[PDB]
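Understanding the architecture of this molecule
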Amino acid sequence: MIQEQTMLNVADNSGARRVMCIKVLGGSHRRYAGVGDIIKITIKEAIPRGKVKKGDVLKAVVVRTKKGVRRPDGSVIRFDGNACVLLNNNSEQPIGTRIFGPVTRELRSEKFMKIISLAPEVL
Amino acid sequence: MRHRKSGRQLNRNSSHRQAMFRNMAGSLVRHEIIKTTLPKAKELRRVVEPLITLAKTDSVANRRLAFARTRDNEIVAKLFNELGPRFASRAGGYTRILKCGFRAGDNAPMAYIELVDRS
Amino acid sequence: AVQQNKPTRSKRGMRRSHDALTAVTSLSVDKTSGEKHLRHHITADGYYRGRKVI
Amino acid sequence: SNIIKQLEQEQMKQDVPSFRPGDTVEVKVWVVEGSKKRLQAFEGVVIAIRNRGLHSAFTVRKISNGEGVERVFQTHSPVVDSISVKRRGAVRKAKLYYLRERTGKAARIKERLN
Amino acid sequence: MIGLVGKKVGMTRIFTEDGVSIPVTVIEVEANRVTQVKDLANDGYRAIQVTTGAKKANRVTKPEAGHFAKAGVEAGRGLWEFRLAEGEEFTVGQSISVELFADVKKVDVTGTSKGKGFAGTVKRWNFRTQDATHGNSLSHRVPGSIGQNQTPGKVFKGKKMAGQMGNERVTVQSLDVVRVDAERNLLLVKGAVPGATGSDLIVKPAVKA
RNA sequence: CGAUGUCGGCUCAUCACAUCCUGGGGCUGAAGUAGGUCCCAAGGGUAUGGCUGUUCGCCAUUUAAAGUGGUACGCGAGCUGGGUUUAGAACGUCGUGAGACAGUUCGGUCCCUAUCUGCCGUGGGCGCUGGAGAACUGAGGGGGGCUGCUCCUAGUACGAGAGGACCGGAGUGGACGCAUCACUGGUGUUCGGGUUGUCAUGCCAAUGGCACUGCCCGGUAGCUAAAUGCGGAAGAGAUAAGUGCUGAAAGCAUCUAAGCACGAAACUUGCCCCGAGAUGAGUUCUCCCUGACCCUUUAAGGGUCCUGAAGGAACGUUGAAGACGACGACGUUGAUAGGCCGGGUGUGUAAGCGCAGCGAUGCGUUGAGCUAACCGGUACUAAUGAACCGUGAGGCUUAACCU
RNA sequence: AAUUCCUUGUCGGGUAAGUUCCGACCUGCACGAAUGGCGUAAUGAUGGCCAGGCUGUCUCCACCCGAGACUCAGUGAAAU
RNA sequence: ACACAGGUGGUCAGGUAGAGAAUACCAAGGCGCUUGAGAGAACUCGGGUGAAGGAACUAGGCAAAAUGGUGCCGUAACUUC
RNA sequence: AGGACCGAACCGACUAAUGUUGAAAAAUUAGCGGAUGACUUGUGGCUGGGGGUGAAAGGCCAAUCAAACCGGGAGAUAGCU
Ligand SMILES: [Mg+2]
Ligand SMILES: [Mg+2]
Ligand SMILES: [Mg+2]
Ligand SMILES: [Mg+2]
Ligand SMILES: [Mg+2]
Ligand SMILES: [Mg+2]
Ligand SMILES: [Mg+2]
Ligand SMILES: [Mg+2]
Ligand SMILES: [Mg+2]
Ligand SMILES: [Mg+2]
Ligand SMILES: [Mg+2]
Ligand SMILES: [Mg+2]
Ligand SMILES: [Mg+2]
Ligand SMILES: [Mg+2]
Ligand SMILES: [Mg+2]
Ligand SMILES: [Mg+2]
Ligand SMILES: [Mg+2]
Ligand SMILES: [Mg+2]
Ligand SMILES: [Mg+2]
Ligand SMILES: [Mg+2]
Ligand SMILES: [Mg+2]
Ligand SMILES: [Mg+2]
Ligand SMILES: [Mg+2]
Ligand SMILES: [Mg+2]
Ligand SMILES: [Mg+2]
Ligand SMILES: [Mg+2]
Ligand SMILES: [Mg+2]
Ligand SMILES: [Mg+2]
Ligand SMILES: [Mg+2]
Ligand SMILES: [Mg+2]
Ligand SMILES: [Mg+2]
Ligand SMILES: [Mg+2]
Ligand SMILES: [Mg+2]
Ligand SMILES: [Mg+2]
Ligand SMILES: [Mg+2]
Ligand SMILES: [Mg+2]
Ligand SMILES: [Mg+2]
Ligand SMILES: [Mg+2]
Ligand SMILES: [Mg+2]
Ligand SMILES: [Mg+2]
Ligand SMILES: [Mg+2]
Ligand SMILES: [Mg+2]
Ligand SMILES: [Mg+2]
Ligand SMILES: [Mg+2]
Ligand SMILES: [Mg+2]
Ligand SMILES: [Mg+2]
Ligand SMILES: [Mg+2]
Ligand SMILES: [Mg+2]
Ligand SMILES: [Mg+2]
Ligand SMILES: [Mg+2]
Ligand SMILES: [Mg+2]
Ligand SMILES: [Mg+2]
Ligand SMILES: [Mg+2]
Ligand SMILES: [Mg+2]
Ligand SMILES: [Mg+2]
Ligand SMILES: [Mg+2]
Ligand SMILES: [Mg+2]
Ligand SMILES: [Mg+2]
Ligand SMILES: [Mg+2]
Ligand SMILES: [Mg+2]
Ligand SMILES: [Mg+2]
Ligand SMILES: [Mg+2]
Ligand SMILES: [Mg+2]
Ligand SMILES: [Mg+2]
Ligand SMILES: [Mg+2]
Ligand SMILES: [Mg+2]
Ligand SMILES: [Mg+2]
Ligand SMILES: [Mg+2]
Ligand SMILES: [Mg+2]
Ligand SMILES: [Mg+2]
Ligand SMILES: [Mg+2]
Ligand SMILES: [Mg+2]
Ligand SMILES: [Mg+2]
Ligand SMILES: [Mg+2]
Ligand SMILES: [Mg+2]
Ligand SMILES: [Mg+2]
Ligand SMILES: [Mg+2]
Ligand SMILES: [Mg+2]
Ligand SMILES: [Mg+2]
Ligand SMILES: [Mg+2]
Ligand SMILES: [Mg+2]
Ligand SMILES: [Mg+2]
Ligand SMILES: [Mg+2]
Ligand SMILES: [Mg+2]
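Residues numbered from 1 in each chain as written, not as in the entry; some residues may be left out. Chains lettered and ligands numbered in written order. Part of a larger assembly, values for the part shown. Heavy atoms only, no water.

The test is simple: UniProt positions are given in the numbering used here, feature names are shortened, and annotations may be inferred rather than shown by experiment.
Going by what the PDB entry lists, chain D is known as 50S ribosomal protein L19 and is assigned to Escherichia coli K-12. Listed in UniProt under the heading Sequence similarities, the comment for chain D reads: "Belongs to the bacterial ribosomal protein bL19 family."

As recorded by the PDB entry, chain A carries the name 50S ribosomal protein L14 and is attributed to Escherichia coli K-12. What UniProt states about chain A under its Sequence similarities heading is, verbatim, "Belongs to the universal ribosomal protein uL14 family."

Take a look at the structure:
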């Protein structure tokens, strides 16, 4: 359940560590963002020398959520923090070449095949 | 809302309702019959009948629990000595409610609540 | 919030029509005492269903 | 109900072991990656158990790649095949929710010798 | 199509080999007996009335006893009625079973919801609430305004405000059937049906599907 | 002006069409996507943030779209008081001065228990022509009507190429509403446990009271959403803009004057709910009492004895029903409520005893003890024999049938 | 600028976005030197802005505990 | 103006905790504050808790929430030291 | 030692809420500032209406103050309702 002003960590290695969500894509009055939902974020805390800098605005995807996902059988998979992976505003493709931490099987799709492969663990 | 719930506030908080029910149960054990409002006489059964079933099995832990609930040694002793064997054959139904009528000061319903084995 | 015109005795009586009282439909008689008491209640002497409790 | 208790027993699994909260537990879960089915292992401490009959569930918490992950498993679900206990712990509670604000050497549970 | 009347027992789940826990509301549909058939000649429409369950002989009234004896049916706990279409015929002494929904996939369930009593505007029409601070006084959950000043200077009919919420007949359509147990007289319907456990529900074939 | 309270903001909406999207169509300097203009169409929807007291407006990012205006520039006996607008004080300016500035800055009491109309919901009386208990026909009224993205058709039609279809299907989701607690969670001061200070039970132990439930840790039922099921229709009839067929007035031509056909989320149905006080008071299956007397005012008459039915009302146990009413279940021929047995759930090895340790403490008895609203049963207690209301074959005229 | 109508004057800093804030430019409608000017260590129930934590302020409310509101018994007003 | 939730000067100062006349529980002592009972709707007031975010609400972090004590290491710009 | 610090009695009233035909003709609860000094308080006395006092608000002068209250001129006058 990600919304505006939500502070997220960064799973990739593009040079960011803390980001702030500003919009959720999908339609009108769209307030909640789960895993696999494209959102738009700004960068608040970034490493000195990285692929991005502070103040940049770009799209991102959610791979981990403290609220968690719900499998059809009822088995809910939660986490201990909210993390996201950066993308591009035009191509919607990841910037970094690594994915820290595990991911969820509710993320795999023709658009995110480059995230599950780089993730060391898939749930 | 109130759906499938239990218990009656009786315009009192928990710390007052528990003490009032404890005093009423002690008086009922001491006198074998009392007169009170109908809702109180109905809610006192849920406190006194389990207290009698506890005394139906004599031991140390049961007497300690009854003392914790009542704070009256002269009441718990009578409950474990007389009421125990007296109601050892009855599977519940240790109280009998008889309507008394009304009251003058507030015109509230009144009733006598007593033990079935009294006379 | 106050009235602007004085109501009438007709309207007052119409409002008070539902404020009447309903008497007791019937009384109960003890089998052995022959008194008259309320339904499911005890008499003034201590009788109920013929038995004595006071 | 007298009918619910009979409809919830035709699907209940009779091969469920006994596990207390706060023990290291191994869970084998079915995973379908396209057209083939395989097994995935999930090992961690059980910090919560909810016994409701067919609707029984148990939680498992584990640290993975530096990030903590919690997951609830339905006990009588066909997606779960094998549940095993690798190490039994001794705790004085049934809901170990204090293992969420604590990690490292401070979140070590003792061993229950029986 | 001819519907049936059942009694709600509760909600539960059913597991599938694929690893899916489908919700279900078990409905106990006993042998639903026929009481009267209404034709176009006398009543003006084609319909049939159905009785379910059993009732006390000391509680069933004389008119009901005579109406049931005219058909040859025991005294049930109520009477329902279902319309008929062309090609559908019945008799007076029939006792329909739950097997009628053997080839039915989507059904409509009608029943009385659970009474929430006198509810506020926020709970009744999903209204919003004003700020609980910044100076607000005694208007934290009030609906606010109702109309316009002297134009029309009244309140429109159909305004959403507080009132009774619940204890009303509601219908939920296109609920998927899971299983039919003719021996146990049970119907498994996916989803949630209105009304608490023990209530009477009407299950009919989907009108639109 | 013997007071109609004022800008903006929040909640709450409603109407209109000179329509922002969705719908249909004409023209195009419309190859296609994407466009420009115009006609019909109000059924539905019509954004979140920084700045400012601001409507307006600038910018960031979405959206199918972020409409125009009216409702006392809607709405303060609904809320707010940021500004404007009282008394304090200051700056700039003017005035020799008390002072003045829709120039600025700091701060600065927004009362009303609803009498009537209206509205949301719930009831009593009577009537519907003998009465009572049930199931319905549905005149009429109300609710909803929104749509994005991907794939197939098809990289086909089109286009020298980048580019990229109309129509028609499939799937998954956003905002909205209805329903529900099985699952995921919150509450759960009526359940269990940890612990601090203090008092009390003659004292240890063990407990109870108070200090927000003393502070906390979990949590039964119920209620809940963030949770999961469902819906927006398909189809039919008559249509607007529009496209037409045949066809004269006008030998041709012409959608029209006669005639026929297609045609939109607009309309009526179709989906759901209310609903015969619909006084035009409706329909159907059932049940009920088939006794005698007298009096003037001779009649839809009055009174007496006997009779008191179907059924209802009242009291009680009560409810996942409920403000009080009302509705549902039961009442000794009974599981309605309370209590009890077993089980389940929750809390978490109870008290006591023994052992080890100087001791705190741990260990075995012991997954023990306790267990609210849960389930399956159990008359142990309370729902009593009664009594009360409600009657005794149901008006006149006319049509058909049987006597 | 507590002073600037034009003005949201221009640039830079902060914010994804800053008519509010800070540092500069001087074109001071209409600053200015005891009806005092500049700065200033400490202080303010002082005015404005930003940040860390913090939370039902909110997203969007939900449940619970008590007092009123609801019914019954008694006394019993008011504005108009 | 009331048997009014207001105001009124001086003296005595117990115990356990505790720095203390703060605060908690109590002794001697004094009271339950002159309308009650019942069920547990909307709504108002005093409060408690809370799934994810944490000022995005708002004129404005108003209110609410949060640290909060003893001992010890250690503590910047600036300064009238 | 300090017109020194934190914080009770005491004095005061900065914010919010309740109340506003109130428990009260300015109060209640949660917070708040001073709290050894330009402090507060008890008793008694003095300063009076064009006057008194005023760390100065046109504030106070017996719930009344840009000129207190009572009586008198006085049945002031009123082109006003
Ligand atoms: Mg109950
Ligand atoms: Mg009371
Ligand atoms: Mg207490
Ligand atoms: Mg008037
Ligand atoms: Mg009345
Ligand atoms: Mg209800
Ligand atoms: Mg709001
Ligand atoms: Mg104020
Ligand atoms: Mg308030
Ligand atoms: Mg106020
Ligand atoms: Mg108004
Ligand atoms: Mg005027
Ligand atoms: Mg007037
Ligand atoms: Mg005015
Ligand atoms: Mg038009
Ligand atoms: Mg219309
Ligand atoms: Mg339509
Ligand atoms: Mg900001
Ligand atoms: Mg206006
Ligand atoms: Mg206004
Ligand atoms: Mg008005
Ligand atoms: Mg102001
Ligand atoms: Mg002015
Ligand atoms: Mg000027
Ligand atoms: Mg009001
Ligand atoms: Mg009626
Ligand atoms: Mg649930
Ligand atoms: Mg349950
Ligand atoms: Mg829970
Ligand atoms: Mg709790
Ligand atoms: Mg729950
Ligand atoms: Mg203690
Ligand atoms: Mg002890
Ligand atoms: Mg005490
Ligand atoms: Mg022709
Ligand atoms: Mg032609
Ligand atoms: Mg549509
Ligand atoms: Mg257990
Ligand atoms: Mg032990
Ligand atoms: Mg214990
Ligand atoms: Mg033991
Ligand atoms: Mg053991
Ligand atoms: Mg038990
Ligand atoms: Mg200056
Ligand atoms: Mg300006
Ligand atoms: Mg700038
Ligand atoms: Mg500046
Ligand atoms: Mg000059
Ligand atoms: Mg100057
Ligand atoms: Mg000058
Ligand atoms: Mg000079
Ligand atoms: Mg000078
Ligand atoms: Mg100066
Ligand atoms: Mg902040
Ligand atoms: Mg009342
Ligand atoms: Mg009067
Ligand atoms: Mg008094
Ligand atoms: Mg007093
Ligand atoms: Mg002391
Ligand atoms: Mg309450
Ligand atoms: Mg709180
Ligand atoms: Mg807390
Ligand atoms: Mg929260
Ligand atoms: Mg919790
Ligand atoms: Mg949290
Ligand atoms: Mg935070
Ligand atoms: Mg803001
Ligand atoms: Mg805003
Ligand atoms: Mg504050
Ligand atoms: Mg000092
Ligand atoms: Mg003062
Ligand atoms: Mg003040
Ligand atoms: Mg105070
Ligand atoms: Mg203070
Ligand atoms: Mg001080
Ligand atoms: Mg004096
Ligand atoms: Mg004078
Ligand atoms: Mg004089
Ligand atoms: Mg002045
Ligand atoms: Mg004065
Ligand atoms: Mg004055
Ligand atoms: Mg004068
Ligand atoms: Mg004179
Ligand atoms: Mg005069």
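Examining the overall build of chain D
For the record, the criterion: Only DSSP runs of H or I with at least four residues qualify as helices, and only runs of E with at least two residues qualify as strands; both kinds are numbered from the N terminus onward. A 1.4 Å probe rolled over the protein chains alone gives each residue an accessible area, and that area as a share of the maximum for its type sets the label: buried under 20%, exposed over 50%, partly exposed in between. What makes two residues a contact is simply this: any of their non-hydrogen atoms within 4.5 Å.
Scanning chain D for helices and strands turns up one helix and five strands. C-alpha atoms of chain D, sized along the principal axes, occupy 45 × 40 × 25 Å. Counting over 114 residues, chain D shows a buried share of 44%. A separation threshold of at least 6 residues defines the contact pool for chain D, and within that pool the share at least 24 residues apart is 49%.

Points about the environment of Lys13 of chain D
All names here are of chain D. The cut-off we apply is this: Under this definition, polar contacts are N or O atom pairs within 3.5 Å; protein pairs additionally need one hydrogen-donor-capable and one acceptor-capable atom, and for neighbouring residues in sequence, both atoms have to be side-chain atoms.
Mapping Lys13 onto the fold places it in the loop between helix 1 (4-7) and strand 1 (24-33). Given a relative accessible area of 18%, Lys13 falls into the buried group. As for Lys13 and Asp23, which are separated by ten residues in sequence, their C-alpha atoms are 21 Å apart. Reaching out from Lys13, the side chain makes a polar contact with the backbone oxygen of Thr75 at a distance of 3.3 Å. One polar contact links the side chain of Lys13 to the main-chain carbonyl oxygen of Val80, over a distance of 3.0 Å.

Looking at the nonpolar core
Formally: Here, the term nonpolar core denotes a set of buried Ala, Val, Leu, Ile, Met, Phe, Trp, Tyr and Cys residues that are joined through side-chain atoms within 4.5 Å.
The biggest cluster of nonpolar side chains holds 36 residues, and the ones touching the most others in it are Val19, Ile39 and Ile41 of chain A together with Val27, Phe58 and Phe73 of chain D. What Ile41 of chain A contacts, discounting residues up to four positions off in sequence, is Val19, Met20, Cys21, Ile22, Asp56, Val57, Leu58, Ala60, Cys84 and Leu86 of chain A. Residues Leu28, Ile34, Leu79 and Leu83 of chain B belong to the second largest nonpolar core, which totals 27 residues.

Some points on the sheet that holds strand 5 (residues 79-83) of chain E
Residue and element names in this part refer to chain E. In plain terms, the rule: Paired strands, in this sense, are two strands between which DSSP finds at least two bridges. Helix axes use the C-alpha atoms of the stretch in contact, all axes being lines fitted to C-alpha atoms, and the angles between their N-to-C directions lie in the range 0 to 180 degrees.
Taking strand neighbours across the sheet as the criterion, the four strands line up as 5-4-3-6 in an open arrangement whose pairing is antiparallel. With partners counted over all chains shown, the strands left at the sheet margins are strand 5 and strand 6 (95-96), one partner each. One ladder, built from five bridges, connects strand 3 (residues 32-38) with strand 4 (residues 47-51); its direction is antiparallel. Within the sheet, the bridge partner assigned to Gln36 lies in strand 4 and is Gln49. Sheet strands in contact with helix 1 (residues 62-71) are strand 3, strand 4 and strand 5, and its direction is about 90° off that of strand 3.

Digging into the arrangement of the chains
If you rank the five pairs of chains in contact by how many contacts each has, first place goes to chains A and D. The two units chain A and chain C never meet; even their closest C-alpha atoms stay 42 Å apart. The two units chain C and chain D remain apart, with a minimum C-alpha distance of 36 Å.

Overview of the pattern of salt bridges
Note the threshold: Salt bridges are defined by distance alone: a side-chain nitrogen of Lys or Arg within 4 Å of a carboxyl oxygen of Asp or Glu.
Going through the model one piece at a time under the given rule, you end up with 27 salt bridges over all chains. Between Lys53 of chain A and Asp56 of chain A there is a salt bridge, with the nearest N and O atoms lying 2.8 Å from each other. A salt bridge links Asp80 of chain A to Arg61 of chain D; its shortest N-O distance comes to 2.8 Å. Note that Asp80 of chain A is positioned in the loop between strand 6 (76-79) and strand 7 (83-86) and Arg61 of chain D in strand 3 (residues 57-64), a pairing that runs across two chains. In this structure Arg61 of chain D comes out as buried when scored by relative accessible area, which is 12%.

Things to note about the packing of helix 4 (residues 60-70) of chain B against helix 5 (residues 73-86) of chain B
All names here are of chain B. What counts, and what does not: For classification purposes, an angle smaller than 35 degrees is called roughly parallel, one larger than 145 roughly antiparallel, one from 65 to 115 roughly perpendicular, and anything else oblique. Take the far helix as your reference; a near helix turned counterclockwise from it by less than a right angle gives a left-handed crossing, and one turned clockwise gives a right-handed crossing.
It is the contact of helix 4 with helix 5, at a shortest axis distance of 9 Å, that shows an interaxial angle of 135°. Classified by the angle their axes make, helix 4 and helix 5 are oblique. As helix 4 packs across helix 5, the resulting crossing turns out to be right-handed. Counting all contacts with helix 4, which are made through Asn62, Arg63, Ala66 and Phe67, the residues of helix 5 involved are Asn73, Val76, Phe80 and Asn81.

Structural notes on the state of the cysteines
Worth spelling out the cut-off: For this text, the term disulfide refers to a pair of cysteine sulfurs within 2.5 Å.
Tallied over the entire structure, the rule returns zero disulfides over all chains. For the unlinked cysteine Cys21 of chain A, the closest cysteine sulfur is that of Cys84 of chain A, found at 8.5 Å.

Points about the side chain of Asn32 of chain E
Residue and element names in this part refer to chain E. With respect to the element layout, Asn32 can be found in strand 3. Since its relative accessible area comes to 0%, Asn32 is described here as buried. Polar side-chain contacts of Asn32 include one of 3.3 Å to the backbone oxygen of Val5. Residues within four places of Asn32 in sequence aside, it is in contact with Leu4, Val5, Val50, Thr51, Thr52, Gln94, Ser95 and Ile96.

With respect to the packing of aromatic side chains
The following threshold applies: Stacked, edge-to-face and tilted are the three classes for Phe, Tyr and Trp ring pairs, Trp counted by its six-membered ring, which pair at centre distances within 6.5 Å; planes under 30 degrees apart are stacked, over 60 edge-to-face, the rest tilted. Whether a charge sits over a ring depends on NZ of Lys or CZ of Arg being within 6 Å of the ring centre and within 35 degrees of the ring normal.
Applying the stated criterion to the full structure yields four aromatic pairs over all chains. With 5.1 Å between their ring centres and 50° between their planes, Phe87 of chain B and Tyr94 of chain B make a pair best called tilted. One exposure class covers both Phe87 of chain B and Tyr94 of chain B, and it is buried. Seen from their ring centres, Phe19 of chain D and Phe58 of chain D are 5.1 Å apart, and the 70° between their planes marks the pair as edge-to-face. In this pair, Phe19 of chain D is assigned in the loop between helix 1 and strand 1 and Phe58 of chain D in strand 3, connecting sequence segments 39 residues apart. For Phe19 of chain D, a relative accessible area of 14% gives the class buried. An aromatic cluster of three or more residues is present, and its members are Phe19, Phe42, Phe58 and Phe73 of chain D. Above the plane of the ring of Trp30 of chain D lies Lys37 of chain D, whose end atom (NZ or CZ) is 4.5 Å from the centre.

Observations regarding the sheet that holds strand 7 of chain A
Residues and elements named next belong to chain A. One closed barrel holds the five strands; their spatial order is 1-2-3-4-7, and the pairing between them is mixed. Strand-to-strand twist in this sheet, taken as the mean axis angle between neighbours without regard to direction, amounts to 55°. Sheet topology places strand 4 (residues 57-64) next to strand 7; four bridges connect them, and they run antiparallel. Bridge pairing in strand 7 links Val62 to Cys84.

What about the interface of chain D and chain A?
In plain terms, the rule: Accessible-area loss on putting two parts together, using a 1.4 Å probe and summing over both, is the definition of buried area adopted here.
Tallying the contact residues gives 17 residues for chain D and 19 residues for chain A. Taking both sides of the interface into account, the surface hidden between chain D and chain A amounts to around 1,500 Å²; carbon and sulfur atoms contribute 42%. The largest share of the area that chain D buries against chain A comes from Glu70, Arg71 and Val72 of chain D, three residues that together contribute 29% of it. Across the contact surface, chain D and chain A share three salt bridges.

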